[PDB]
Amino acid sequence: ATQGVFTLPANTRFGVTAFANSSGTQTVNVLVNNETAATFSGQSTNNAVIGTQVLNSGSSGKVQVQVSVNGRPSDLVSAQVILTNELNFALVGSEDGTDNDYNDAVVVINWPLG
């Protein structure tokens, strides 16, 4: 199944943060309405924040996270969870190798902000 795609409310600001747990350098692309809005690169085996920014969901509200390492797409896992019917997390894990810890790049989207 498709992973890493989330439909946010239209024209809503959200935060996106990325963490790295791999010897390989993680590049994370966040696409808004099928166009790229932010790009994080970094290497870390200790969960360092390689990127975090605020973006707007736009007309569409379509948000997609992709994870490449050295030009190889990583296998993604994802889900959205909503607490008290109002606080939202869109969650992405990814695997770049064979150990299946799916933490090599971890991406957290949260809204609303402010």
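Throughout, we count residues from 1 along the sequence that is shown.
Colleague: Which wins on mean Cα temperature factor, 74-82 or 56-64?
Modeller: Mean B over CA atoms: larger for 56-64.
Colleague: Between 33-41 and 65-73, which has the higher average C-alpha B-factor in the PDB entry?
Modeller: According to the entry, 33-41 carries the higher average C-alpha B-factor.
Colleague: Based on the entry's values, in what third of the chain does the Cα temperature factor of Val106 lie: lowest, middle or highest?
Modeller: Lowest third of the chain for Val106's C-alpha B-factor.
Colleague: Using the B-factors in the PDB entry, rank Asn47's C-alpha atom against the chain and give the third, lowest, middle or highest.
Modeller: It belongs to the middle third of the chain when residues are ordered by C-alpha B-factor.
Colleague: Place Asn88 in the lowest, middle or highest third of its chain's C-alpha B-factors, as listed in the PDB entry.
Modeller: Within its chain, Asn88 is a lowest-third residue by C-alpha B-factor, going by the deposited values.
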